[PDB]
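Residue numbers (the authors' numbering), protein chains in the order written: chain AF, 98 to 145; chain AD, 3 to 297; chain AJ, 6 to 173; chain AT, 2 to 159.
Working notes, structure below.
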Amino acid sequence: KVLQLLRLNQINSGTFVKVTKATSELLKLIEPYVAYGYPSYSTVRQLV
Amino acid sequence: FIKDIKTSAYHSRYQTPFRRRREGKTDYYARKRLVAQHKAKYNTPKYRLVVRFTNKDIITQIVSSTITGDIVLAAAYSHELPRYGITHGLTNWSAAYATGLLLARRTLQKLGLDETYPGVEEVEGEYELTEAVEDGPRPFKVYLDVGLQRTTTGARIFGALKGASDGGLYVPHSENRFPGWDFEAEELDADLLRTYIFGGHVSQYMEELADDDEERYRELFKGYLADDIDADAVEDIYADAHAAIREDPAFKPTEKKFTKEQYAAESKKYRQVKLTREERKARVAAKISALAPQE
Amino acid sequence: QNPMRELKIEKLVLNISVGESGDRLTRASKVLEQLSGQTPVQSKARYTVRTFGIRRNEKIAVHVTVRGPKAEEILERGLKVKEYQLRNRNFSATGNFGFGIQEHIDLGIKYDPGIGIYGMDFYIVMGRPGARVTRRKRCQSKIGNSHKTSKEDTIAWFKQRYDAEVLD
Amino acid sequence: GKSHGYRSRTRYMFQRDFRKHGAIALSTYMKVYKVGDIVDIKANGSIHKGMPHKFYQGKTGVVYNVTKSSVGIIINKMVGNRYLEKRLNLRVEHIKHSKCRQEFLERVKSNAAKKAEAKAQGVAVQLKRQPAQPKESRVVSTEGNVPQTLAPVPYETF
RNA sequence: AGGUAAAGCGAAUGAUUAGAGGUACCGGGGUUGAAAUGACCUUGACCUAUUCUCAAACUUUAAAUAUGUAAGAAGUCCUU
RNA sequence: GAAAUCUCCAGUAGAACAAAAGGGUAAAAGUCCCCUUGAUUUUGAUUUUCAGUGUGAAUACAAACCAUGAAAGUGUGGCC
RNA sequence: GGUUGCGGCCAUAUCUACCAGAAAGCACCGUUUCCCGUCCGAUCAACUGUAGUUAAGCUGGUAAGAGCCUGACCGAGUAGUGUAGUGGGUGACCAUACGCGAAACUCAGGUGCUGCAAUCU
């Protein structure tokens, strides 16, 4: 259900998440099925 | 051996009774029924007439209940009867009737029902309740309260009932616990009830001991003989006292004398004070150091 | 100092026990009526015993309460039979005393061939002013240790009055 | 045979308390209930009349009707694959006020004050509730606060 | 809102090992003048403070995980 | 007489409450004493098993008519 | 500040042992014609406030008191536990990773607050 809310329906899918206390608890539930970290003004430029 | 019931386990598993019960004051089994209001009325206060009898005094109150604490509407006392011309005999039937008729007229003046619902200004000793006037407001309903006092046929608690009823209030009641009520053939003897209102039962006892035992007639009734009060004068005292109450029943407080701070200054001289935690441990140092070498 | 702690006889309770039912009991009831003046009260059994020979709720024993000046006369009547000599038993820890007699022919009275012969159990409770503290309804409470009655204090009172002895 | 009574499996639920047996305090009876209030339910072992079924212990609902000694409370429950409306009739001894709605009324008055005050001065309110944000950068002073060097202890038998 | 996991028994309810003290008013066997309304023994009788181990149908205490309600125009206050 | 009846002191329930077991109750829901027939009438609404059908039981009112108490009240069978 | 009447929360308020209490109040206390109730004016009922008293109750203080109540980087991030691995081990069961987290125990401090009406060196 949480993966459905974060729009990661397919394998290999991106989004971006605004980091809060509430959004951090969602990532705890789905941590085995996802890898995540802090991007920079370089990786973001290439993706868009 | 022997018993040894009061151990550490007994004290830990002891439910204390509330406090009012622990003192020996209030009955909560009765008070649940008296205070609890019909919930379709929401916030209509339920008034109750408290009557108590200490030694050489009578107390009367009208009380409303809230969550924080009970609120008094108005209250009267038997030691205020000296203003209306009654000194001796403050714990009689006639004092309880006089105090009840005083209490009613205090509250009706605040609410504003003096002319309407006057009461009974004749008094033959009849069983009656205050009837509602057409095209107007109903009478002020007050329920009777007792507490931990016994209910018998001809007791001072039910004298104050009729005092409040004859005063003007709608206090609902029956006939079977007034004096002069025949137990076998259930009827009211109105002659015997009227005597207790005007100090009749006491004034008959004046006549008996006057002729017979003169030692008791000087032991009792010192104030009556000192202030020059004969047997037949008792009718005129309580009759004129009732008329004075129906005139100016307003409550006026005493002169008091000295301010509240002067009472506080005098009282704190005698009542003791606690120690600090350091002064407690100083006594322990003394008890150790005294009993270390032993003396 | 001692103004209020007078120490007095509060009540005297006579008791006559029997082991059967019916007619023997009704005779023993009228003995205490002549003794006291008051109509006595009849006790009854709690549970069935069989070995003594009484059922539960069979009704058997009788007793009567005595108070005031009338109690002090009947106490000295009983002590006249005992020669004013009670033992160092006959005294509770709380300081209440009693004694047993055989036959009501002593302490006044007569034979009276119809009614018969019976023994008694005398018992007297001792107290002080302010016993209403416990007995009243409104505001009940315990009594302080200085005001409580003891064995030694009651025996000292008993030697002073009545011209009597402790023996043991 | 299997047992399915009214008070089945209610050994600890309707058990009273530790050192709170006997009579109830009078504040329970004094409380007022108008049609609209939210209320949580707690069964009381001593009072046997107007007692709730075990399912409704800890449930919450709105009041729809009031009478002499009782209040009508509608509770929604799940069954099969569909919610159903149910009507209860419990006495005042079991019911107490809910503190969930309590905090909402505090927020309504405060937002009205902030909008009315700031419009005649600030021209910027920010009244929506913020989730707990991450940290901002700062500097920590080491003066009289020098780091204590730790190390993992060796194994011992207590 | 709850009475599971864990915890607890010098805290109720029930189970259970080992001495020490008080013995005292007392139930008892002896040994000492057949003696004991007397000692010292194993003693019970409990009591007093301690100590070893426990519990699906015992409990003061009490998690995690699940679970009920609320986060506003059908709103909040003023008037009649 | 270890056990009859009588009196005082300590006594958070270690008793009792028609039966199985659990919960509940101390100026009582236990024990004793006074008066009675709410184990009554007319019909619906509502919880529990649940197809949200019936059967059984139980809860909260309306209009009546009574009981009991100084009253407030309480009572439409058995404390649950 | 003391005290009475009706209370709210219902042990910081209870329980045990010893000392203190001016004034007013509360109490114990004194009597049995009348209503009343008992085996017994003890209890309840009526009567006097006169003959007496702080002895008890009630109120307050004392005690390295028992108990009850708050807190602590006291024990303890230990017991337990949601999630994950082609991790270990013959099994029994254990360790790591991302999270949540007790109770006994030990130490420190406290020991009734408060509402309405009346009264008082």
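Each residue gets a CB set at the ideal place from its N, CA and C atoms; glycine is no exception.
Asked, Found
"Here's the rule: buried if 16 or more other CB atoms are within 10 angstroms of the residue's CB, otherwise exposed. What is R72 of chain AJ?", "exposed"
"How would you write the range of the beta strand (DSSP E) that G103 of chain AJ sits in, first residue to last?", "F102 to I106"
"Give me the Cα-Cα distance between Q63 of chain AD and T93 of chain AD, rounded to the nearest whole angstrom.", "17 angstroms"
"List the residues of chain AD whose Cβ lies closer than 9 angstroms to the Cβ of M31 of chain AT, in chain order.", "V37, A38, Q39, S67, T68 and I69"
"With DSSP run on the structure shown, which of helix, strand or coil describes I199 of chain AD?", "helix"
"If the cut is a Cβ gap below 7 angstroms, which residues of chain AT does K118 of chain AF touch?", "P132 and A133"
"State the DSSP-derived secondary structure class of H5 of chain AT, mapped to helix, strand or coil.", "coil"
"For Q47 of chain AJ and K64 of chain AJ, which I take to be in contact (beta-carbon distance under 8 angstroms), what is that distance rounded to the nearest angstrom?", "6 angstroms"
"Report the three-state DSSP secondary structure of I39 of chain AT (helix, strand or coil).", "strand"
"Would the stretch 26-34 of chain AT and the stretch 80-100 of chain AT be scored as touching if the rule is three or more Cβ pairs under 8 angstroms?", "yes"
"Note the first and the last residue of the continuous alpha helix (DSSP H) segment covering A113 of chain AT.", "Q103 to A119"
"May I have the straight-line CA-CA distance separating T70 of chain AJ from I79 of chain AJ, to the nearest angstrom?", "12 angstroms"
"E25 of chain AD touches chain AJ at which residues, Cβ-Cβ below 8 angstroms?", "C144"
"Suppose contacts are defined by Cβ-Cβ distances below 9 angstroms. Is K69 of chain AT in contact with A42 of chain AD by that definition?", "yes"
"If contacts are defined as beta-carbon pairs under 8 angstroms, then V173 of chain AD and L146 of chain AD qualify, I think. What distance do you get, rounded to the angstrom?", "6 angstroms"
"At least one CB of chain AJ closer than 9 angstroms to the CB of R108 of chain AD: is that the case?", "no"
"For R50 of chain AD, report the span of its beta strand (DSSP E) as first-last.", "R50 to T56"
"What whole-angstrom Cβ distance do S28 of chain AT and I7 of chain AD have, given they're in contact under 8 angstroms?", "Not really, about 35 angstroms apart at Cβ, beyond 8 angstroms."
"In whole angstroms, what separates the C-alpha of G156 of chain AD from that of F185 of chain AD?", "12 angstroms"
"If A66 of chain AJ and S22 of chain AJ are in contact, beta carbons under 8 angstroms, what's the gap, nearest whole angstrom?", "5 angstroms"
"Can the beta-carbon of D126 of chain AJ be found less than 9 angstroms from the beta-carbon of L19 of chain AJ?", "yes"
"Looking at the secondary structure, which residues open and close the alpha helix (DSSP H) in which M31 of chain AT lies?", "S28 to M31"
"Specify the secondary structure class of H40 of chain AD as computed by DSSP and reduced to three states.", "coil"
"Identify the continuous beta strand (DSSP E) that holds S66 of chain AD and give its terminal residues.", "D59 to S66"
"Give the single residue among AJ:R29, AJ:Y89 and AJ:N62 whose Cα lies nearest to the Cα of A169 of chain AJ.", "AJ:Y89"
"Run through DSSP, which three-state label would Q90 of chain AJ get?", "strand"
"What residue does the beta strand (DSSP E) around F127 of chain AJ start on, and which one ends it?", "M125 to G132"
"Determine, using beta carbons only, whether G149 of chain AD comes closer than 9 angstroms to chain AJ.", "yes"
"Between AD:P19, AD:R279, AD:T89 and AD:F20, which lies nearest to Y240 of chain AD when the distance is taken from Cα to Cα?", "AD:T89"
"Would you verify that the beta carbon of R152 of chain AD is, or is not, closer than 9 angstroms to some beta carbon of chain AJ?", "yes"
"If you run the structure through DSSP and keep just helix, strand and coil, what is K87 of chain AT?", "strand"
"Taking a cut of 9 angstroms between CB atoms, which residues from the stretch 64-77 of chain AT lie near chain AD?", "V67, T68, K69, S70, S71 and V72"
"Given a threshold of 16 other Cβ atoms within 10 Å of its Cβ, counted over all protein chains shown, does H40 of chain AD qualify as buried or as exposed?", "exposed"
"Measuring straight from C-alpha to C-alpha, what distance separates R94 of chain AJ and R82 of chain AJ?", "20 angstroms"
"Given a cut-off of 9 angstroms on the beta-carbon distance, is the pair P53 of chain AT and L89 of chain AT in contact?", "yes"
"Name the DSSP bridge partner or partners of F96 of chain AJ?", "AJ:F102"
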